[PDB]
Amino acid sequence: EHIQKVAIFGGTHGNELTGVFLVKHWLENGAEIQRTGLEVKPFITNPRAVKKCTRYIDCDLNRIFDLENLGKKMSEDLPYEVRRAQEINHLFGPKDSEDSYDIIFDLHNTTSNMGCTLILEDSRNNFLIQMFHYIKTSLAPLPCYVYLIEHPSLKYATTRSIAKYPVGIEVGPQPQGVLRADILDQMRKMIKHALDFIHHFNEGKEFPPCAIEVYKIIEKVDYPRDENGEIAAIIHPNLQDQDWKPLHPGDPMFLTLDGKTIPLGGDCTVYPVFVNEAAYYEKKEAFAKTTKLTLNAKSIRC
């Protein structure tokens, strides 16, 4: 059924600059992101954090789009981002209402070496699975991985979760507060292909069943802390930059300043992602342990 309202959000985290740059340019000339019979609105979600070139002002914008915050009485005392979440929800939602935007792409960067990443929230979601498959195939031979979040709560609080079909776009490695040409080119391409898909679907194109490989988070792995709770070992050079690649029971994982290796253990293979992400220091995380699985989509047709 016909897709009408599409947004591309940038600056959810103010120091992830690829999104900010694109959206700002598109707000002056949207030609690249328009499709015949499709309105795409670019929007900067966190202006204050973008001016300060900072992750957030008062709290993470990408973690509060839920009934607890979006439903509390509007007030000058409320943390900036809460205040902002309610504005965004009024513009592009209300979340869960039939009037809400159909598809939102929320753009993000990581310091991890992940390349092009799509983030999926519903594991049972044929339309989005189909889209991700289309993107994957278009980027080839450029790799493109799909990261799967499966809350047994069935609830999400991400900025994009306003949409009927939320799409997370993440590209790394890029230092925060830095704009790399290569990274910008990758994200552009992903967007170009995502919009091609929407457009083709709206033109009534048929899509046979398809399958994608996804990586589902099973555990946040923390750094070894010491007596005082301080980081006591660091990501081993062998693991560094090896996001998505298999890591076995034997393999090096941490290195201590005194020079010893701490190996994986457990007794099956895992797929580290978000290996050494800047934002995951404070929030105690060296990487995420993921399982690799296949999702299937039924054929779809508008």
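We number the residues from 1 along the sequence you see.
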query: 275-283 or 8-16, whichever carries the higher mean Cα B-factor; finding: 275-283
query: Assigned third (lowest, middle, highest) for the C-alpha B factor of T159; finding: middle
query: Third assignment of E213 from its chain's C-alpha B-factors; finding: middle
query: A232 - Cα temperature factor, lowest/middle/highest third of chain; finding: lowest
query: Cα B factor band for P143 (lowest, middle or highest third within the chain); finding: highest
query: CA B-factor ranking of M190, expressed as a third of its chain; finding: highest
